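Protein chains in written order, with the authors' numbering: chain C, 214 to 266; chain B, 161 to 213; chain N, 2 to 158.
See structure below.
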Amino acid sequence: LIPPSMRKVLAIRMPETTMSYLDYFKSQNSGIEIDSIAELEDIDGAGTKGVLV
Amino acid sequence: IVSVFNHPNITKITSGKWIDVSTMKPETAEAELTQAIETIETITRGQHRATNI
Amino acid sequence: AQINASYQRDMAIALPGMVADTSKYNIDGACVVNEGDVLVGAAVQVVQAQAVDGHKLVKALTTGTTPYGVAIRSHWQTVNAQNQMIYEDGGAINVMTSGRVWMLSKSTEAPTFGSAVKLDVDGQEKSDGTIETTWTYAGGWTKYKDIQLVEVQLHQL
């Protein structure tokens, strides 16, 4: 579960060989489901983001 | 009668010139388009998503 | 492909001039607006109390007058004016003499719990208002959009 702002970070493509980092990550880590929720952007009430695995 | 570009309560984003003097910047366009797509949904909280550019 | 997104938004706590809680409260009818208009989240004054009929003439607070109650939000009696909820000249008003209510505020600092409530000349809560009132704060301090609201506990006069 990632914040819905880093969703644009995993959308950058691979160094040179097209496709996004997300495609490679899912190809080599099959089975894991990735989703985003908006409650992971103000964890401490001061503007700290977080990811839960 | 108010035009499309002069409505008071709409989101306006100032931009860095996509073509400065004569040099053209093809990497700011993608960033600005992604940011504009994001704002709409984030603000509308998921009811409305961008469809046209 | 893409990552799904889910958002979350919380509702506002309260609106101006509404009953805050279900504690012991008293709302007095048979009150007619003698002159002018009265805002929902504002105090009132008693111009005259009829000796035989029973109606009480109410009016907005002015300089050097003791407050008596606070108007209450209602979707039937009130009339929409200036994009707000208001009571017009004539008709009946709903003023509560005892209980808790959210009131319009002009102060910018959160108040304490057991301190007396001071009002300005126009009947709105203010930290340094000239008018002194026996009512005390209740601790509620919220803001709806651009309107500041404060919770105040009232006692019967």
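Every residue, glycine too, gets a C-beta built ideally from N, C-alpha and C.
Legend entry - Candidates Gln83/N, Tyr88/N, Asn84/N: closest to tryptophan 77/N by CA position: Residue numbering aside, residue 77/N sits at position 76 when the third sequence is read from its first letter. Comparing Cα positions, the closest option is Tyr88/N.
Inset, instruction - Residues of the region 4-15 of chain N with a CB closer than 8 Å to any CB of chain C: list them in chain order, please. - result: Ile4, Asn5, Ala6, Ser7, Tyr8, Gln9
Legend entry - Option nearest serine 7/N by Cα separation, candidates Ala210/B, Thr204/B, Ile213/B: Position 6 of the third sequence, counted from the first residue, corresponds to residue 7/N. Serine 7/N has its Cα closest to that of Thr204/B, out of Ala210/B, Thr204/B, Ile213/B.
Inset, instruction - Run the CB neighbour count on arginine 209/B, radius 10 Å, all protein chains shown included, and call it buried at 16 or more, exposed below. - result: Your numbering for residue 209/B matches position 49 in the second sequence. So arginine 209/B counts as exposed.
Legend entry - Interface residues of chain N facing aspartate 248/C [CB-CB closer than 9 Å]: Working through the first sequence from its first residue, we reach residue 248/C at position 35. Result: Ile4, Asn5, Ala6, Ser7.
Inset, instruction - Taking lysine 239/C as the query, report the chain B residues whose CB atoms sit under 9 Å from its CB, ordered along the chain. - result: The residue labelled residue 239/C in the question sits at position 26 within the first sequence. By Cβ distance, chain B contributes nothing, its closest Cβ being about 21 Å from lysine 239/C, past 9 Å.
Inset, instruction - Answer yes or no: does any C-beta atom of chain N fall closer than 8 Å to that of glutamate 252/C? - result: Counted from its first residue, the first sequence places residue 252/C at position 39. Yes - at least one Cβ of chain N is within 8 Å of the one on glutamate 252/C.
Legend entry - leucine 62/N vs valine 47/N beta-carbon contact at 8 Å: What you label residue 62/N is simply residue 61 of the third sequence in a count that begins at 1. What you label residue 47/N is simply residue 46 of the third sequence in a count that begins at 1. Not closer than 8 Å, so no.
Legend entry - Pair within 8 Å by beta-carbon distance, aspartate 248/C and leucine 223/C: Position 35 of the first sequence holds residue 248/C. Position 10 of the first sequence holds residue 223/C. For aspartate 248/C and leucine 223/C, no; Cβs fall outside 8 Å.
Legend entry - Interface flag, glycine 176/B vs chain N, CB-CB below 8 Å: Here the question's residue 176/B lines up with position 16 in the second sequence. No, its Cβ sits nowhere closer than 8 Å to a Cβ of chain N.
Inset, instruction - With DSSP as the reference, label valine 53/N as helix, strand or coil. - result: Taking the first residue of the third sequence as position 1, residue 53/N is located at position 52. Note: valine 53/N maps to coil in three-state DSSP.
Inset, instruction - Can you pull the chain N residues whose beta carbon is under 9 Å from the beta carbon of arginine 220/C, in chain order? - result: For the purposes of this step, residue 220/C is taken as the residue at position 7 of the first sequence. By Cβ distance, chain N contributes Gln3, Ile4, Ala6.
Legend entry - Alpha-carbon spacing of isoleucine 225/C relative to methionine 232/C, whole angstroms: Counting from 1 along the first sequence, the entry for residue 225/C is found at position 12. Counting from 1 along the first sequence, the entry for residue 232/C is found at position 19. Roughly 8 Å separates the two Cα atoms.
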